[PDB]
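Accompanying notes for the structure given below.
Remember, it's 1-based here, ligands and their atoms both numbered in the order they're listed. Here is the naming used below: chain letters follow the sequence lines, and residue numbers restart at 1 for every chain.
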Amino acid sequence: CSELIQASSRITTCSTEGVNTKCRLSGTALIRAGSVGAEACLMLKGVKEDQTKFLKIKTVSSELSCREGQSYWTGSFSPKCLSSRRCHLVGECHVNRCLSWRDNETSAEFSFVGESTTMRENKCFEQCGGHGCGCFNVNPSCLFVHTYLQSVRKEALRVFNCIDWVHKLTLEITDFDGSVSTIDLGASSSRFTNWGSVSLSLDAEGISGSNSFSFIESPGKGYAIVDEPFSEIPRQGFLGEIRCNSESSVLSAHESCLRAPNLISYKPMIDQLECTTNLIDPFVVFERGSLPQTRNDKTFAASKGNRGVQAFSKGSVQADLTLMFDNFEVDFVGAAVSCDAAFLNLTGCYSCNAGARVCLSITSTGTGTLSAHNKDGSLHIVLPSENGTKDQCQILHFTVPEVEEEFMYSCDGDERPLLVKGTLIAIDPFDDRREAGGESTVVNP
Amino acid sequence: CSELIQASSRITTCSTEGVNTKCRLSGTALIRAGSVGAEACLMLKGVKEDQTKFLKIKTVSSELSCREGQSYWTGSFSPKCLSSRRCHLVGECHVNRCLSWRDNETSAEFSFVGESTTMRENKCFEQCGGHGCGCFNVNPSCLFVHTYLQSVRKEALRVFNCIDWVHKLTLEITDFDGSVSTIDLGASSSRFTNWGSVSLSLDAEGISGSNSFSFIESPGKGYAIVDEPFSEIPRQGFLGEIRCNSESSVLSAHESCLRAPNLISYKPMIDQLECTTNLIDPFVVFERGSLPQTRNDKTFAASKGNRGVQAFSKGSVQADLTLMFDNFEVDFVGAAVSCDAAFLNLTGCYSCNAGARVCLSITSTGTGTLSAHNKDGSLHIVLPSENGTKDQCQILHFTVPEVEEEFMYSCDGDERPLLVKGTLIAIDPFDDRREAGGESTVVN
Amino acid sequence: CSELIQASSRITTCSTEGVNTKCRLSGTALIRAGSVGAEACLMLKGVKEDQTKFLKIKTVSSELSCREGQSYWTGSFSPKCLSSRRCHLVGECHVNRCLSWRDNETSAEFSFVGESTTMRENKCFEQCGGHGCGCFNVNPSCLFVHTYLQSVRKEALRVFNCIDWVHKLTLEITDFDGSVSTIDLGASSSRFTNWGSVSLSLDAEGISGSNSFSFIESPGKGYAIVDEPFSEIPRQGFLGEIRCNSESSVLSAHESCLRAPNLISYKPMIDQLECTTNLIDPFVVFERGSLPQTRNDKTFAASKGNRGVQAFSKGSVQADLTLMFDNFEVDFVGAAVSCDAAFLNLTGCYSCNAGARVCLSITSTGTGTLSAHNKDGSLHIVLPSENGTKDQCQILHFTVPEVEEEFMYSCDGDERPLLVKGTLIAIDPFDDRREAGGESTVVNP
Ligand SMILES: *[C@@H]1O[C@H](CO[C@H]2O[C@@H](C)[C@@H](O)[C@@H](O)[C@@H]2O)[C@@H](O)[C@H](O)[C@H]1NC(C)=O
Ligand SMILES: *[C@@H]1O[C@H](CO)[C@@H](O)[C@H](O)[C@H]1NC(C)=O
Ligand SMILES: *[C@@H]1O[C@H](CO)[C@@H](O)[C@H](O)[C@H]1NC(C)=O
Ligand SMILES: *[C@@H]1O[C@H](CO)[C@@H](O)[C@H](O)[C@H]1NC(C)=O
Ligand SMILES: *[C@@H]1O[C@H](CO)[C@@H](O)[C@H](O)[C@H]1NC(C)=O
Ligand SMILES: *[C@@H]1O[C@H](CO)[C@@H](O)[C@H](O)[C@H]1NC(C)=O
Ligand SMILES: *[C@@H]1O[C@H](CO)[C@@H](O)[C@H](O)[C@H]1NC(C)=O
Ligand SMILES: *[C@@H]1O[C@H](CO)[C@@H](O)[C@H](O)[C@H]1NC(C)=O
Ligand SMILES: *[C@@H]1O[C@H](CO)[C@@H](O)[C@H](O)[C@H]1NC(C)=O
């Protein structure tokens, strides 16, 4: 039992017309959701008849469903190139030709390159002429290049943002006979029950904080968070500098894909050539932000079977529920009971978005809520208690490798100490760029 | 009538100072705003005298006003260039000079060019020498270039961010005599009425979510949202890579404008030259985010009365109102009545920021609030009901082209099925970069 | 006294264990925090005995503690380069060698330079040959370049984001015996007192708005806000395009530092060479966002003891408090008293992130809350009133240089006019890039 009640009243509702007005006297209880696992135990008494009725209302979960917005596919790409050098006055290497080369025109040096539907480009670099470089003509020679992209892996990744976060509070309700039911509530919503009604009257749940983020789906392999804003168009140095509208087009490096300017770099070396890319590896990004991840005590994880991502509040929930009881009002509420907590472990890293996981062993005799805090109240642990002994865990963020933090916890208001002690690893500054490519295939030596 | 009351009590208020303490007995009611169009119907009874009065409070709107922060003007620019190639040892084409050319040095080749206050730069590219390139000297020739920018349109765009979102809750109150009045409430605000007072005692409204955004003003042509962080300094590939401190500076491409480094590309071709830019077209950006736009159930629109932008809550409203009645208390509240709802149409795109529009026909016999949800509650619809038949719409976000979703709706709690069905279009990945410029005009 | 009460009730609470029940009758009040400085004055009456008790609850502060995530060090860097031009067939200037030069290979031209652990790179640029350029050989000459980075100042900056914002609400309570005490509340937290309990039963405080941001620490000289998303990897044109894992690595410009590609530009001039950078100056960014800073009525400032940054609500506080009194209930609450307010000054910028500071002179005869709004309610002022005459200030945001805004204010609901007037300065579009570097030191052949 939890002490969740905020107000208790009697209210008459009148079906105004249909010429014959009907009134219903309802007992009213304004209660707080409190936290996941918190349970209001309400003994009701008949307003009119001498009758009693015991009700239990439990906050089971608080979820925000991500309704997706813009979306694209991407993957790991690598350049492959063909090269050929012609001396001045040989082949296409005349007057303006080399300096005038366009991206979309394939050189005659590569007449075997047929019809392509792959991301590709063509280049011509002026190299040295004269006897010193194997030519009779002393004017600049021409290095012709043809380059296409290819998928390193045969898997792709879909990046998307979230436009809507649709709240759903779920409650478990125990009736007088002990029969259990669940209900779902949206913002400003009401459900009817056997004994009256329950309504989410004030809702303060949402994504709040100071960081923009986005998500990645790996088909059949889960989701990942990206701790950066969703890039709307392809930009060099960002996730999605190459992007497509389908998984298959990533794998084939189809030409319908978009890419930011100048992603392919060229190192002319007379008769040798290197074409390289220094692109963001989206799979490295995925492995870091791999779900579940917790940010501002929202835990983002894969939905039941749904797919798509939800944000779970596994601790405190900020919502007011209005309870109306047909012809019954509050007689008394059930008092909270004390719990015993022991420290189990602290695992993870410091100065990182993923944070650290602290685990507790919590022993009690009734359902309720453990609340804990450090001295200055910068850390806050909120975990469920039950009849028996269960292990509960939540994410915390620290900025120090050697953690030794004293907390004060209780389920019933009498605080006792508890020392959280652990060793966290550092995560050194990283780069997601990966070099790809190398020597070209020389066509005519 | 909407069912909004959460508590009812009597409270006494006493003055603590003065020649004498005065006491006031007041009935007190705590209600939820519920949603736009929701109306609380309260019948009051006298606490000491035997009297009744009927009172009605309606939530008319919930607005967040944008108070702007940093701002800048931008637009569409194209490059114009002059070119002149000199053989080595001719003109300025001496020793180090070509490879040492500064952006702010104008070549003697272009003396005919007047005094400028336009964004401009100067380049020198080494080119081939010898008889093959029209020169006796075999050393590199010098291609001298003078480039300036010009506005492509004679209009500009103003980009800004929002630092403050200030809440204004608007209520319609009907007194006992049927007299209607309007009040506006901000955070922790109270306003006195004929019959007591009403105060916004708890406010949970605000901009939330996982996206940062900014806005654009097109002078005389409304507003647009940008689904991206406001960039505070000029950056290539971003809105505002060229920016100014005024509209007139954009139109004249004034030299006071800032631009990110290396925005003009050069393709030297001996005696031909191309100077191009690949700039973000801000007008393409404006059109895609043109207001009104909905994000996380906030509808962004131009404020009423000329300018600034606003965020409207057109469905759910999360706010608590404390009502105080002088010498009166709650007798009873009005019950909600049922809605009939029919699905009209569903129009728009999927997997897009703008979303899709569901339209419904709602028939009722009193003012209230339609509430609808799909099977797993990932979709939620809140629209106002009235006496009679009205069309109500709201934005939803889907991720599939063929939508067929069953909803359960009600105004009074008696839920009935409603099937939303339709076809949404795809929005293929886009790029706002547009190529501009071309060949130089050749001087000799 | 402030009028903060929202509801009042009686509840009976029963303990279920022991295996006989004890029941306690309690009076209940639901009040709003209202604002910093708001004070609820309750006189209580006995539920069973006839007795009176006096109680005072005051909102002292509402804080959001930043728990940090990813962090990195950065600073100001400048390049220094050595150059030496060799004619073709002299030194290493053979065949392919110049066009094939790798970044981490040091030329023989600079053997006199010892080995460094500094960020550095090496280049080779082809230049003109023949008699025109000081060579007998007509083939291209080689300009060899060795560049290294160095810190411009002997100080560094630490950039970080905030993953968690942990709420602490602070109340000052005067109990039945006149004893004054302070208590702290987290989300969904409860505290037992001499007279019952107070719980933070609904919390709507948190960071909201349409902007992402991050923070910088200047060691021993405070903090600054950055009005932009935290960049998770080094990127050109962004804060942190060069970044390190320690302060000492910034000062020594250590090679362990990461940098975005292509940060050093090269201008080869046959026997002259310039190496430059166009880097974001982080100290200019720091100065612009130096704390305290206010965004969406949250004031960001350094914590006391200077451990982290904090977000203060200095005006409105959106929170509901459930008060429970053992064997007592609400008799009456103290009425609000009136304010007189005079406009002092208006100082700051328009169309700026920092905004402008409005200062007011407020006179009252009791603690309370001044509330003000302009004609259309787009501007909102909430300041604390006290016994006597005090200066109160807060940040507003305007978009015009000549401000003249008409407000209506009150503490007790009786609105009176107040004219806010002043001149604000413009902050013209800026660029934080600063050019650094210059000519190389030329080695004698
Ligand atoms: C309010 O303060 C009263 C004394 O404060 C005096 O301070 C002077 C600086 C000047 O402002 C005088 O006008 C003030 O009277 C004190 O007598 C009252 O008891 C105080 N009231 C409360 C409710 O604490
Ligand atoms: C290639 O590019 C040029 C200009 O860049 C364009 O005019 C032409 O239509 C393009 N297509 C082909 C097939 O050359
Ligand atoms: C931490 O404790 C939990 C709870 O017993 C356990 O499941 C987990 O394996 C522990 N982790 C480590 C690293 O010991
Ligand atoms: C609580 O758990 C204990 C197990 O030791 C059991 O004996 C008791 O009956 C349980 N009580 C309830 C109410 O389930
Ligand atoms: C060119 O720019 C430099 C600074 O980059 C400046 O010192 C110099 O005066 C400029 N040249 C002219 C001719 O103004
Ligand atoms: C959809 O219905 C709305 C409301 O009835 C109407 O305004 C609109 O024209 C309709 N649109 C389509 C595409 O049918
Ligand atoms: C509904 O509107 C009709 C007019 O169309 C009116 O006659 C009737 O009184 C209204 N009913 C209610 C309950 O307001
Ligand atoms: C340059 O880097 C390569 C690895 O790519 C390494 O093998 C080589 O030894 C490095 N050169 C020097 C001089 O250390
Ligand atoms: C404005 O008034 C405040 C309050 O007294 C004062 O601290 C500040 O110095 C004043 N500023 C100016 C610019 O006059």
Side-chain angles (χ1 to χ4, degrees), chain A residues 265 267 274 276 278 431 433-439, chain B residues 292 314 340-350 354-363 370 381 383-386 388-396 403 418-425, chain C residues 92 97 100-111 113-124 144-148 255-256 261 292 314 341-350 354-363 370 381 383-386 388-396 403 418-425:
Chain A
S265 278
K267 199 178 176 58
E274 291 178 2
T276 57
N278 196 20
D431 202 338
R433 291 174 185 95
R434 299 293 186 266
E435 285 272 17
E439 223 74 47
Chain B
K314 291 188 179 318
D340 281 312
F343 170 74
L344 298 173
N345 57 56
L346 169 63
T347 294
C349 60
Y350 69 101
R357 186 160 158 271
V358 281
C359 291
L360 257 50
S361 200
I362 304 172
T363 302
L370 182 147
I381 298 174
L383 303 163
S385 59
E386 295 176 14
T389 306
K390 252 248 204 175
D391 295 336
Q392 293 298 331
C393 283
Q394 81 153 83
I395 298 304
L396 293 176
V403 171
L418 181 138
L419 181 70
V420 316
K421 191 183 179 166
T423 297
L424 304 180
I425 72 167
Chain C
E92 298 156 314
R97 191 75 187 271
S100 315
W101 209 265
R102 304 304 170 166
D103 278 18
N104 62 343
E105 289 163 352
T106 310
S107 164
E109 295 303 310
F110 316 111
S111 41
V113 157
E115 186 167 356
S116 196
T117 52
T118 312
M119 286 177 290
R120 63 206 185 273
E121 56 184 36
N122 307 266
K123 298 283 175 200
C124 187
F144 297 95
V145 187
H146 174 80
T147 306
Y148 65 88
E255 68 190 334
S256 60
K314 292 187 110 101
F343 171 74
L344 295 171
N345 56 54
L346 171 64
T347 295
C349 64
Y350 69 99
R357 184 158 157 268
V358 59
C359 291
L360 257 52
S361 200
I362 302 172
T363 301
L370 183 147
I381 298 174
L383 303 163
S385 60
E386 295 176 14
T389 308
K390 256 201 68 175
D391 295 335
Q392 299 299 336
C393 283
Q394 81 154 84
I395 296 303
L396 293 177
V403 169
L418 181 139
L419 179 69
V420 166
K421 62 177 175 176
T423 296
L424 304 180
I425 70 167

Which heavy-atom pair separates [X] from [Y] by the least distance, and what is that distance?
X	Y	answer
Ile362(B)	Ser385(B)	CG2-CB, 3.8 Å
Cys124(C)	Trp101(C)	CB-CB, 3.8 Å
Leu370(C)	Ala341(C)	CD1-CB, 3.6 Å

Legend entry - Parallel, tilted or perpendicular, as decided by the 30° and 60° cut-offs, for the rings of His146(C) and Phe110(C): tilted

Inset, instruction - Provide the number and element of each atom of ligand 6 under 4.0 Å from a heavy atom of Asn345(B). - result: 1 (C), 2 (O), 3 (C), 8 (C), 10 (C), 11 (N), 12 (C), 14 (O)

Inset, instruction - Step by step, work out the side chain to side chain contact (heavy atoms under 4.5 Å, CB included) result for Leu396(B) and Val420(B). - result: CA-CA 11 Å; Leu396(B) 293 176; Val420(B) 316; 5.6 Å; no

Legend entry - atom 7 (O) of ligand 8 protein-contacted, heavy-atom criterion under 4.0 angstrom: no

Legend entry - Distance flag for atom 2 (O) of ligand 8, protein heavy atom under 4.0 Å: yes

Legend entry - Min N/O separation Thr347(C) to ligand 9 under 3.5 Å: no

Inset, instruction - Tell me which protein heavy atom sits closest to atom 4 (C) of ligand 6, plus the residue, atom name and distance to 0.1 Å. - result: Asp391(B) OD2, 3.7 Å

Inset, instruction - Can you pull out the closest protein heavy atom to atom 10 (C) of ligand 8? Residue, atom name and distance to 0.1 Å, please. - result: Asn104(C) ND2, 2.2 Å

